[PDB]
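Source file: target-v5.pdb (PDB, C-alpha atoms)
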ATOM      1  CA  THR A   8       0.000   0.000   0.000
ATOM      2  CA  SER A   9       2.764   2.412   1.165
ATOM      3  CA  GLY A  10       5.621   0.897  -0.950
ATOM      4  CA  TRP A  11       7.352   2.297  -4.055
ATOM      5  CA  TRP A  12       5.207   0.414  -6.604
ATOM      6  CA  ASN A  13       1.857   1.851  -5.371
ATOM      7  CA  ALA A  14       2.186   5.632  -5.936
ATOM      8  CA  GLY A  15      -0.462   7.257  -3.753
ATOM      9  CA  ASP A  16      -0.235   9.649  -6.756
ATOM     10  CA  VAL A  17       1.836  12.059  -4.669
ATOM     11  CA  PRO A  18       0.935  15.831  -4.536
ATOM     12  CA  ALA A  19       3.634  18.093  -6.038
ATOM     13  CA  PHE A  20       5.995  20.110  -3.843
ATOM     14  CA  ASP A  21       4.563  23.480  -2.722
ATOM     15  CA  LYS A  22       7.252  26.022  -3.715
ATOM     16  CA  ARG A  23       5.204  28.845  -2.097
ATOM     17  CA  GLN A  24       7.135  27.740   1.051
ATOM     18  CA  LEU A  25      10.443  28.972  -0.516
ATOM     19  CA  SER A  26      11.678  32.560  -0.687
ATOM     20  CA  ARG A  27      15.263  32.023  -1.660
ATOM     21  CA  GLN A  28      17.215  30.749  -4.697
ATOM     22  CA  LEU A  29      20.898  29.957  -4.214
ATOM     23  CA  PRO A  30      23.294  30.173  -7.217
ATOM     24  CA  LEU A  31      23.104  27.320  -9.730
ATOM     25  CA  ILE A  32      26.132  25.034  -9.387
ATOM     26  CA  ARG A  33      27.608  23.013 -12.290
ATOM     27  CA  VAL A  34      30.620  20.792 -12.913
ATOM     28  CA  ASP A  35      33.235  22.487 -15.060
ATOM     29  CA  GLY A  36      36.022  19.974 -15.688
ATOM     30  CA  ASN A  37      37.548  19.167 -12.294
ATOM     31  CA  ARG A  38      35.760  21.686 -10.047
ATOM     32  CA  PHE A  39      32.298  22.966  -9.133
ATOM     33  CA  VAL A  40      31.483  26.518 -10.296
ATOM     34  CA  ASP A  41      28.618  29.051 -10.161
ATOM     35  CA  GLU A  42      27.077  31.206 -12.945
ATOM     36  CA  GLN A  43      30.153  33.469 -13.028
ATOM     37  CA  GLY A  44      32.491  30.447 -13.251
ATOM     38  CA  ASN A  45      33.991  30.934  -9.767
ATOM     39  CA  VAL A  46      35.253  27.803  -8.012
ATOM     40  CA  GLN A  47      32.997  26.613  -5.181
ATOM     41  CA  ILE A  48      33.975  24.248  -2.367
ATOM     42  CA  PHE A  49      31.387  22.682  -0.050
ATOM     43  CA  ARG A  50      32.096  21.948   3.609
ATOM     44  CA  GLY A  51      29.200  20.660   5.649
ATOM     45  CA  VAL A  52      27.627  17.904   7.734
ATOM     46  CA  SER A  53      25.299  14.909   7.486
ATOM     47  CA  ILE A  54      22.188  15.063   9.628
ATOM     48  CA  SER A  55      20.765  11.788  10.895
ATOM     49  CA  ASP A  56      17.836  10.343   8.947
ATOM     50  CA  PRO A  57      14.838  12.724   9.209
ATOM     51  CA  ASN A  58      12.884   9.623  10.378
ATOM     52  CA  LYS A  59      15.106   9.390  13.469
ATOM     53  CA  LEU A  60      15.054  13.187  14.030
ATOM     54  CA  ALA A  61      11.233  13.207  13.971
ATOM     55  CA  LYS A  62      11.029  10.410  16.569
ATOM     56  CA  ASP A  63      13.763  12.071  18.647
ATOM     57  CA  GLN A  64      11.498  15.148  18.596
ATOM     58  CA  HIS A  65      14.252  17.360  17.108
ATOM     59  CA  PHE A  66      12.991  17.625  13.550
ATOM     60  CA  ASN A  67      12.539  21.411  14.030
ATOM     61  CA  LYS A  68      13.886  24.715  12.699
ATOM     62  CA  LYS A  69      16.145  25.211  15.754
ATOM     63  CA  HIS A  70      18.131  22.095  14.783
ATOM     64  CA  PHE A  71      18.911  23.499  11.344
ATOM     65  CA  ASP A  72      19.544  27.000  12.747
ATOM     66  CA  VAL A  73      22.395  25.515  14.792
ATOM     67  CA  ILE A  74      23.852  23.615  11.829
ATOM     68  CA  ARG A  75      23.876  26.899   9.925
ATOM     69  CA  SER A  76      25.540  28.665  12.865
ATOM     70  CA  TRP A  77      28.513  26.259  12.586
ATOM     71  CA  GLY A  78      29.300  27.846   9.174
ATOM     72  CA  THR A  79      27.828  24.854   7.280
ATOM     73  CA  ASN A  80      27.210  25.510   3.544
ATOM     74  CA  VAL A  81      25.811  22.050   2.752
ATOM     75  CA  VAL A  82      23.673  19.478   4.541
ATOM     76  CA  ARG A  83      23.655  15.782   3.584
ATOM     77  CA  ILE A  84      20.355  13.938   4.116
ATOM     78  CA  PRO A  85      20.841  10.145   4.586
ATOM     79  CA  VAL A  86      17.573   8.594   3.418
ATOM     80  CA  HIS A  87      17.655   5.014   4.694
ATOM     81  CA  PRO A  88      15.544   2.724   2.443
ATOM     82  CA  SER A  89      14.100   1.033   5.577
ATOM     83  CA  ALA A  90      12.882   4.463   6.769
ATOM     84  CA  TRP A  91      11.539   5.225   3.268
ATOM     85  CA  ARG A  92       9.511   2.037   3.779
ATOM     86  CA  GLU A  93       8.601   2.695   7.421
ATOM     87  CA  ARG A  94       7.079   6.161   6.675
ATOM     88  CA  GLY A  95       5.944   5.246   3.166
ATOM     89  CA  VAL A  96       6.682   7.396   0.126
ATOM     90  CA  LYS A  97       4.114  10.102   0.878
ATOM     91  CA  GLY A  98       5.098  10.413   4.544
ATOM     92  CA  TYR A  99       8.839  10.429   3.843
ATOM     93  CA  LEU A 100       8.602  13.154   1.217
ATOM     94  CA  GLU A 101       6.740  15.325   3.712
ATOM     95  CA  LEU A 102       9.814  15.060   5.958
ATOM     96  CA  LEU A 103      12.279  15.461   3.113
ATOM     97  CA  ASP A 104      10.466  18.526   1.723
ATOM     98  CA  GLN A 105      10.524  20.225   5.148
ATOM     99  CA  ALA A 106      14.260  19.474   5.617
ATOM    100  CA  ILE A 107      15.126  20.839   2.184
ATOM    101  CA  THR A 108      12.927  23.879   2.943
ATOM    102  CA  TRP A 109      14.888  24.705   6.117
ATOM    103  CA  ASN A 110      18.228  24.045   4.363
ATOM    104  CA  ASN A 111      17.232  26.307   1.438
ATOM    105  CA  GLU A 112      15.991  29.206   3.596
ATOM    106  CA  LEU A 113      19.156  29.154   5.741
ATOM    107  CA  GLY A 114      21.269  29.396   2.561
ATOM    108  CA  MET A 115      22.454  25.770   2.709
ATOM    109  CA  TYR A 116      22.834  23.408  -0.227
ATOM    110  CA  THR A 117      21.390  19.924   0.071
ATOM    111  CA  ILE A 118      22.793  16.520  -0.826
ATOM    112  CA  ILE A 119      20.205  13.775  -1.210
ATOM    113  CA  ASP A 120      21.858  10.546  -0.137
ATOM    114  CA  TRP A 121      20.190   7.202  -0.826
ATOM    115  CA  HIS A 122      21.820   5.801   2.261
ATOM    116  CA  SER A 123      22.405   2.113   1.481
ATOM    117  CA  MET A 124      25.493  -0.049   1.980
ATOM    118  CA  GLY A 125      26.654  -3.152   0.083
ATOM    119  CA  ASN A 126      26.069  -4.702  -3.320
ATOM    120  CA  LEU A 127      22.887  -3.474  -5.024
ATOM    121  CA  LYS A 128      23.300  -5.667  -8.095
ATOM    122  CA  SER A 129      23.225  -8.906  -6.045
ATOM    123  CA  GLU A 130      20.844  -7.466  -3.389
ATOM    124  CA  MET A 131      23.158  -8.116  -0.474
ATOM    125  CA  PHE A 132      23.464  -5.348   2.117
ATOM    126  CA  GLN A 133      25.442  -4.790   5.319
ATOM    127  CA  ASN A 134      22.304  -4.884   7.431
ATOM    128  CA  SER A 135      18.479  -4.860   7.041
ATOM    129  CA  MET A 136      18.155  -1.081   7.451
ATOM    130  CA  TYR A 137      20.125  -0.520   4.204
ATOM    131  CA  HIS A 138      18.199  -3.154   2.215
ATOM    132  CA  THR A 139      16.859  -2.000  -1.162
ATOM    133  CA  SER A 140      16.311  -3.069  -4.775
ATOM    134  CA  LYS A 141      17.255  -1.743  -8.191
ATOM    135  CA  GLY A 142      13.544  -0.997  -8.712
ATOM    136  CA  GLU A 143      13.143   0.903  -5.431
ATOM    137  CA  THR A 144      16.386   2.779  -5.990
ATOM    138  CA  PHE A 145      15.450   3.926  -9.482
ATOM    139  CA  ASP A 146      11.955   4.824  -8.301
ATOM    140  CA  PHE A 147      13.435   6.970  -5.537
ATOM    141  CA  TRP A 148      15.631   8.944  -7.948
ATOM    142  CA  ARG A 149      12.700   9.395 -10.357
ATOM    143  CA  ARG A 150      10.531  10.937  -7.636
ATOM    144  CA  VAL A 151      13.082  13.203  -5.969
ATOM    145  CA  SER A 152      14.859  14.369  -9.149
ATOM    146  CA  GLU A 153      11.506  15.622 -10.510
ATOM    147  CA  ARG A 154      10.084  16.908  -7.224
ATOM    148  CA  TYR A 155      13.059  19.206  -6.501
ATOM    149  CA  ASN A 156      13.771  20.200 -10.107
ATOM    150  CA  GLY A 157      14.488  23.931 -10.388
ATOM    151  CA  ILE A 158      15.691  24.349  -6.777
ATOM    152  CA  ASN A 159      19.385  25.175  -7.074
ATOM    153  CA  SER A 160      19.744  24.556  -3.290
ATOM    154  CA  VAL A 161      19.119  20.853  -4.050
ATOM    155  CA  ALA A 162      22.207  20.523  -6.230
ATOM    156  CA  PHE A 163      23.620  17.071  -5.462
ATOM    157  CA  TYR A 164      22.131  13.585  -5.917
ATOM    158  CA  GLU A 165      24.263  10.924  -4.241
ATOM    159  CA  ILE A 166      23.332   7.630  -5.897
ATOM    160  CA  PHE A 167      24.382   5.043  -3.296
ATOM    161  CA  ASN A 168      26.076   5.840   0.039
ATOM    162  CA  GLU A 169      28.643   3.021   0.394
ATOM    163  CA  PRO A 170      29.104   0.269  -2.266
ATOM    164  CA  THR A 171      31.005  -2.792  -0.974
ATOM    165  CA  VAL A 172      31.272  -6.574  -1.528
ATOM    166  CA  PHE A 173      32.895  -7.070   1.892
ATOM    167  CA  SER A 174      35.559  -9.390   0.441
ATOM    168  CA  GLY A 175      32.853 -11.676  -1.026
ATOM    169  CA  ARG A 176      30.479 -11.779   1.962
ATOM    170  CA  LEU A 177      28.089  -9.612  -0.116
ATOM    171  CA  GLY A 178      28.841 -11.401  -3.401
ATOM    172  CA  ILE A 179      30.363 -10.120  -6.673
ATOM    173  CA  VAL A 180      29.981  -7.026  -8.877
ATOM    174  CA  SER A 181      32.442  -5.505 -11.393
ATOM    175  CA  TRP A 182      33.091  -1.769 -11.612
ATOM    176  CA  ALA A 183      31.844  -2.101 -15.223
ATOM    177  CA  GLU A 184      28.458  -3.408 -13.999
ATOM    178  CA  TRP A 185      28.220  -0.677 -11.341
ATOM    179  CA  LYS A 186      29.087   2.031 -13.903
ATOM    180  CA  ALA A 187      26.086   0.809 -15.965
ATOM    181  CA  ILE A 188      23.754   1.093 -12.981
ATOM    182  CA  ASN A 189      25.004   4.603 -12.105
ATOM    183  CA  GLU A 190      24.585   5.544 -15.777
ATOM    184  CA  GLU A 191      20.925   4.475 -15.681
ATOM    185  CA  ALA A 192      20.300   6.320 -12.409
ATOM    186  CA  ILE A 193      21.875   9.483 -13.810
ATOM    187  CA  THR A 194      19.889   9.256 -17.072
ATOM    188  CA  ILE A 195      16.738   9.114 -14.895
ATOM    189  CA  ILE A 196      17.820  12.081 -12.794
ATOM    190  CA  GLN A 197      18.947  14.136 -15.805
ATOM    191  CA  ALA A 198      15.728  13.379 -17.716
ATOM    192  CA  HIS A 199      13.690  14.853 -14.844
ATOM    193  CA  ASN A 200      16.211  17.492 -13.696
ATOM    194  CA  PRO A 201      18.622  18.857 -16.367
ATOM    195  CA  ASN A 202      20.794  20.724 -13.817
ATOM    196  CA  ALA A 203      21.334  17.966 -11.257
ATOM    197  CA  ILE A 204      24.832  16.980 -10.189
ATOM    198  CA  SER A 205      25.258  13.244  -9.523
ATOM    199  CA  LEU A 206      27.716  11.879  -6.905
ATOM    200  CA  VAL A 207      29.138   8.489  -7.787
ATOM    201  CA  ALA A 208      31.082   6.102  -5.531
ATOM    202  CA  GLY A 209      33.437   3.114  -5.888
ATOM    203  CA  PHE A 210      33.963   0.060  -3.667
ATOM    204  CA  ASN A 211      35.642  -0.652  -0.331
ATOM    205  CA  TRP A 212      32.790   1.359   1.262
ATOM    206  CA  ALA A 213      32.978   4.264  -1.192
ATOM    207  CA  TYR A 214      36.742   4.649  -0.736
ATOM    208  CA  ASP A 215      38.381   3.591  -4.033
ATOM    209  CA  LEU A 216      38.365   5.701  -7.219
ATOM    210  CA  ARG A 217      41.051   3.805  -9.134
ATOM    211  CA  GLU A 218      38.545   1.572 -10.945
ATOM    212  CA  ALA A 219      36.396   4.646 -11.680
ATOM    213  CA  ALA A 220      39.339   6.633 -13.034
ATOM    214  CA  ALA A 221      40.149   3.747 -15.423
ATOM    215  CA  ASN A 222      36.590   3.496 -16.777
ATOM    216  CA  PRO A 223      34.669   6.677 -15.927
ATOM    217  CA  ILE A 224      30.948   7.347 -15.928
ATOM    218  CA  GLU A 225      30.005   8.607 -19.390
ATOM    219  CA  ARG A 226      27.664  11.403 -18.296
ATOM    220  CA  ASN A 227      27.921  15.164 -17.632
ATOM    221  CA  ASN A 228      27.643  16.800 -14.197
ATOM    222  CA  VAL A 229      29.351  13.941 -12.352
ATOM    223  CA  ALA A 230      31.607  14.128  -9.305
ATOM    224  CA  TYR A 231      33.226  11.190  -7.509
ATOM    225  CA  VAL A 232      32.953  10.235  -3.821
ATOM    226  CA  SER A 233      35.360   8.867  -1.221
ATOM    227  CA  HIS A 234      34.925   8.109   2.487
ATOM    228  CA  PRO A 235      38.534   8.185   3.851
ATOM    229  CA  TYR A 236      38.008   7.336   7.520
ATOM    230  CA  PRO A 237      41.073   7.537   9.830
ATOM    231  CA  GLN A 238      41.813   3.824   9.806
ATOM    232  CA  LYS A 239      40.950   3.043   6.171
ATOM    233  CA  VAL A 240      44.692   3.294   5.575
ATOM    234  CA  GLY A 241      47.673   3.930   7.856
ATOM    235  CA  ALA A 242      50.636   6.270   7.555
ATOM    236  CA  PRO A 243      51.905   7.769   5.424
ATOM    237  CA  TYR A 244      48.381   9.154   5.078
ATOM    238  CA  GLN A 245      48.517  11.722   2.250
ATOM    239  CA  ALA A 246      50.528   9.462  -0.073
ATOM    240  CA  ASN A 247      48.053   6.633   0.488
ATOM    241  CA  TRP A 248      44.991   8.865   0.112
ATOM    242  CA  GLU A 249      46.415  10.406  -3.054
ATOM    243  CA  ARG A 250      46.926   6.921  -4.541
ATOM    244  CA  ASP A 251      43.477   5.632  -3.556
ATOM    245  CA  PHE A 252      41.199   8.556  -4.357
ATOM    246  CA  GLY A 253      42.977  11.930  -4.171
ATOM    247  CA  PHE A 254      44.506  11.905  -7.684
ATOM    248  CA  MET A 255      40.959  11.816  -9.093
ATOM    249  CA  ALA A 256      40.524  15.447  -7.859
ATOM    250  CA  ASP A 257      42.918  16.566 -10.610
ATOM    251  CA  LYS A 258      40.406  15.453 -13.225
ATOM    252  CA  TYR A 259      36.863  15.414 -11.773
ATOM    253  CA  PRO A 260      35.572  17.153  -8.599
ATOM    254  CA  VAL A 261      35.718  14.954  -5.484
ATOM    255  CA  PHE A 262      33.062  15.143  -2.772
ATOM    256  CA  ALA A 263      34.060  13.303   0.406
ATOM    257  CA  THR A 264      30.502  12.890   1.654
ATOM    258  CA  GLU A 265      31.394  10.977   4.841
ATOM    259  CA  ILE A 266      34.350  11.683   7.117
ATOM    260  CA  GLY A 267      34.652  11.590  10.892
ATOM    261  CA  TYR A 268      36.606  10.547  13.979
ATOM    262  CA  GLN A 269      36.376  10.023  17.722
ATOM    263  CA  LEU A 270      38.573   8.622  20.510
ATOM    264  CA  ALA A 271      38.473   4.887  21.390
ATOM    265  CA  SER A 272      36.763   5.726  24.732
ATOM    266  CA  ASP A 273      33.958   7.745  23.038
ATOM    267  CA  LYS A 274      30.462   6.369  22.549
ATOM    268  CA  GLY A 275      29.923   3.758  19.826
ATOM    269  CA  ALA A 276      33.593   3.936  18.751
ATOM    270  CA  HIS A 277      34.490   1.318  16.164
ATOM    271  CA  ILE A 278      36.894   0.651  13.317
ATOM    272  CA  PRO A 279      37.490   2.474  10.992
ATOM    273  CA  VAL A 280      36.640   5.688  12.766
ATOM    274  CA  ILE A 281      38.977   5.660  15.800
ATOM    275  CA  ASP A 282      41.830   8.189  16.077
ATOM    276  CA  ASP A 283      43.897  10.232  18.549
ATOM    277  CA  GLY A 284      42.534  13.507  17.087
ATOM    278  CA  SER A 285      45.211  14.458  14.531
ATOM    279  CA  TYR A 286      43.249  13.093  11.547
ATOM    280  CA  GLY A 287      40.855  16.042  11.693
ATOM    281  CA  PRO A 288      43.476  18.711  10.751
ATOM    282  CA  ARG A 289      45.347  16.254   8.526
ATOM    283  CA  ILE A 290      42.332  15.496   6.315
ATOM    284  CA  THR A 291      41.035  19.096   6.332
ATOM    285  CA  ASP A 292      44.472  20.274   5.171
ATOM    286  CA  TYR A 293      44.921  17.534   2.558
ATOM    287  CA  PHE A 294      41.466  18.441   1.158
ATOM    288  CA  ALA A 295      42.409  22.142   1.169
ATOM    289  CA  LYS A 296      45.632  21.231  -0.786
ATOM    290  CA  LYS A 297      43.418  19.363  -3.344
ATOM    291  CA  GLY A 298      40.273  21.552  -3.631
ATOM    292  CA  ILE A 299      38.071  18.715  -2.324
ATOM    293  CA  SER A 300      34.579  19.317  -0.876
ATOM    294  CA  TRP A 301      33.622  17.303   2.236
ATOM    295  CA  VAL A 302      30.847  16.387   4.677
ATOM    296  CA  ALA A 303      31.475  15.501   8.319
ATOM    297  CA  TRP A 304      29.565  12.552   9.808
ATOM    298  CA  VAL A 305      27.069  13.254  11.902
ATOM    299  CA  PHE A 306      25.069  15.996  13.526
ATOM    300  CA  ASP A 307      23.539  13.636  16.053
ATOM    301  CA  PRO A 308      24.318  12.774  19.714
ATOM    302  CA  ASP A 309      23.485   9.066  19.311
ATOM    303  CA  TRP A 310      24.905   7.861  15.966
ATOM    304  CA  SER A 311      28.654   7.222  15.876
ATOM    305  CA  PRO A 312      30.796   9.221  15.469
ATOM    306  CA  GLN A 313      28.964  12.107  17.158
ATOM    307  CA  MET A 314      29.597  15.763  16.259
ATOM    308  CA  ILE A 315      27.455  16.850  19.258
ATOM    309  CA  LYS A 316      27.401  15.420  22.797
ATOM    310  CA  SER A 317      23.719  15.951  23.689
ATOM    311  CA  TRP A 318      20.690  17.847  22.373
ATOM    312  CA  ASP A 319      22.322  20.868  24.036
ATOM    313  CA  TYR A 320      24.311  20.906  20.754
ATOM    314  CA  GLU A 321      27.730  21.167  22.452
ATOM    315  CA  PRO A 322      30.549  20.127  20.031
ATOM    316  CA  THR A 323      32.508  16.909  20.467
ATOM    317  CA  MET A 324      36.188  16.922  19.554
ATOM    318  CA  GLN A 325      35.450  16.356  15.846
ATOM    319  CA  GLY A 326      32.625  18.903  16.041
ATOM    320  CA  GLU A 327      35.090  21.531  17.266
ATOM    321  CA  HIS A 328      37.548  21.010  14.410
ATOM    322  CA  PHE A 329      35.115  20.869  11.500
ATOM    323  CA  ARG A 330      33.238  23.889  12.888
ATOM    324  CA  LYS A 331      36.407  25.980  13.095
ATOM    325  CA  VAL A 332      37.267  25.131   9.465
ATOM    326  CA  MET A 333      33.737  25.736   8.176
ATOM    327  CA  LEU A 334      33.582  29.150   9.909
ATOM    328  CA  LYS A 335      37.003  30.170   8.610
ATOM    329  CA  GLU A 336      36.603  29.060   4.965
ATOM    330  CA  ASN A 337      32.876  29.321   4.088
ATOM    331  CA  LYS A 338      30.198  32.112   4.252
TER     332      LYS A 338
END

What does this structure look like when you write it as structure tokens?
Amino acid sequence: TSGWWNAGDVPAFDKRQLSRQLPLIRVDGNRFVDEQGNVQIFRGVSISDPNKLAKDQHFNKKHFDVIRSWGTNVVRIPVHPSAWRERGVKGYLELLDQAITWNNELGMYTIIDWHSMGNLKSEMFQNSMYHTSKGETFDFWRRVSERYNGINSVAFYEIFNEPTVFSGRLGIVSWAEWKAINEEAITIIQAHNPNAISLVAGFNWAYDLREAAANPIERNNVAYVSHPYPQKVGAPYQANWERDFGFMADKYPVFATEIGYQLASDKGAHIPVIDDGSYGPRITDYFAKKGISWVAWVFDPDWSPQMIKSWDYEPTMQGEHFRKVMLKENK
């Protein structure tokens, strides 16, 4: 009844709620630019899933006001397919609309993240809450690409959070096969939304871009994603990062849509996200050296790693660092 293959023929988005049109962003070669052709670099945060926020009773304007006050110029919205299903299409878009509305009005760009994890082709996922299908995935991008067409704020469409085969535990898929799937998704998006930028990821949990570099997505307005957590590789960091994903910044824009860190003693700490604290400056500075946009993980006191300690919105260690950089370099 509520699932993706029974449209409750869904009312259009009411754009009377919006007062504000941010500059149109496009991919020119290896960077993002505006109408004037000035380079733009995004530095922001992921919220938790709006579904969680609404239950936690903090799906309100104040929440977004704070995010803005940290100097944030982009907000990533991790739409879990299980939450898409829990609320149903109609009920999820009501949330997603409102989030985008707040983002827009506060002068923040929006990334729409279909937040899955694993091997879509073989339908094997890390965990039930990421479970989806090719059908569902395509349907999602059809609805949102159209719904938010013409809203420059909503610039970035991130196809699939973290692709991985988990060393065979989640089966097999070639980069060639994945390229084909991203190509279809992007054709769908572009057919509904000519101006949409698509964010495409490789394997090892959206870390590798060497396969992508060798056989790139044949579509316009594409940038490539990497999630270089502290412990994805060891020292020497910058050399390793450059080899694995950094070099791709020379050629296409790179949007690191998930980074973060915490101490081992902090809440929910787990590989590959544990660090003494030095990774924060190291990664910020490497990304400055390379012109790479990035999104810190996670404006939530519960999900790990936390950028805030409670709903009093006090920064954690990683919160501190990313805030300082966003305030200095953005707005």

Exercise. Residues picked by the PyMOL selection byres ((chain A and resi 91) around 12) here, as JSON, numbers by chain?
Worked result: {"A": [9, 10, 11, 56, 57, 58, 59, 85, 86, 87, 88, 89, 90, 92, 93, 94, 95, 96, 97, 98, 99, 100, 101, 102, 103, 121, 122, 123, 136, 137, 138, 139, 143, 144, 146, 147]}

Go ahead and dump the residues you just picked, C-alpha atoms, as a PDB file, in the coordinates of the input.
ATOM      1  CA  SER A   9       2.764   2.412   1.165  1.00  0.00           C
ATOM      2  CA  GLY A  10       5.621   0.897  -0.950  1.00  0.00           C
ATOM      3  CA  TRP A  11       7.352   2.297  -4.055  1.00  0.00           C
ATOM      4  CA  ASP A  56      17.836  10.343   8.947  1.00  0.00           C
ATOM      5  CA  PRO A  57      14.838  12.724   9.209  1.00  0.00           C
ATOM      6  CA  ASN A  58      12.884   9.623  10.378  1.00  0.00           C
ATOM      7  CA  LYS A  59      15.106   9.390  13.469  1.00  0.00           C
ATOM      8  CA  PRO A  85      20.841  10.145   4.586  1.00  0.00           C
ATOM      9  CA  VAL A  86      17.573   8.594   3.418  1.00  0.00           C
ATOM     10  CA  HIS A  87      17.655   5.014   4.694  1.00  0.00           C
ATOM     11  CA  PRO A  88      15.544   2.724   2.443  1.00  0.00           C
ATOM     12  CA  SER A  89      14.100   1.033   5.577  1.00  0.00           C
ATOM     13  CA  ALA A  90      12.882   4.463   6.769  1.00  0.00           C
ATOM     14  CA  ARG A  92       9.511   2.037   3.779  1.00  0.00           C
ATOM     15  CA  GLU A  93       8.601   2.695   7.421  1.00  0.00           C
ATOM     16  CA  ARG A  94       7.079   6.161   6.675  1.00  0.00           C
ATOM     17  CA  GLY A  95       5.944   5.246   3.166  1.00  0.00           C
ATOM     18  CA  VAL A  96       6.682   7.396   0.126  1.00  0.00           C
ATOM     19  CA  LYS A  97       4.114  10.102   0.878  1.00  0.00           C
ATOM     20  CA  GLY A  98       5.098  10.413   4.544  1.00  0.00           C
ATOM     21  CA  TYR A  99       8.839  10.429   3.843  1.00  0.00           C
ATOM     22  CA  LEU A 100       8.602  13.154   1.217  1.00  0.00           C
ATOM     23  CA  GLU A 101       6.740  15.325   3.712  1.00  0.00           C
ATOM     24  CA  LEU A 102       9.814  15.060   5.958  1.00  0.00           C
ATOM     25  CA  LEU A 103      12.279  15.461   3.113  1.00  0.00           C
ATOM     26  CA  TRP A 121      20.190   7.202  -0.826  1.00  0.00           C
ATOM     27  CA  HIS A 122      21.820   5.801   2.261  1.00  0.00           C
ATOM     28  CA  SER A 123      22.405   2.113   1.481  1.00  0.00           C
ATOM     29  CA  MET A 136      18.155  -1.081   7.451  1.00  0.00           C
ATOM     30  CA  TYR A 137      20.125  -0.520   4.204  1.00  0.00           C
ATOM     31  CA  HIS A 138      18.199  -3.154   2.215  1.00  0.00           C
ATOM     32  CA  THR A 139      16.859  -2.000  -1.162  1.00  0.00           C
ATOM     33  CA  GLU A 143      13.143   0.903  -5.431  1.00  0.00           C
ATOM     34  CA  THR A 144      16.386   2.779  -5.990  1.00  0.00           C
ATOM     35  CA  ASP A 146      11.955   4.824  -8.301  1.00  0.00           C
ATOM     36  CA  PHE A 147      13.435   6.970  -5.537  1.00  0.00           C
TER      37      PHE A 147
END

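Atom CA of residue 108 of chain A sits 7.2 Å away from atom CA of residue 24 of chain A.
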
Problem set entry | Separation of atom CA of residue 27 of chain A from atom CA of residue 116 of chain A, in Å and rounded to one decimal |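 Between atom CA of residue 27 of chain A and atom CA of residue 116 of chain A the gap is 11.6 Å.
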
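Restricting the calculation to all atoms listed in the file, the smallest distance between residue 219 of chain A and any of A:251, A:120, A:72, A:104 is found for A:251.
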
For this session: For residue 155 of chain A, work out the shell of residues within 10 Å, counting all atoms listed in the file and skipping chain neighbours fewer than 6 positions away, then give it as a list in words.
Result: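 Close residues of residue 155 of chain A: residues 19, 20, 22, 104, 107, 161, 162, 199, 200 and 203 of chain A.
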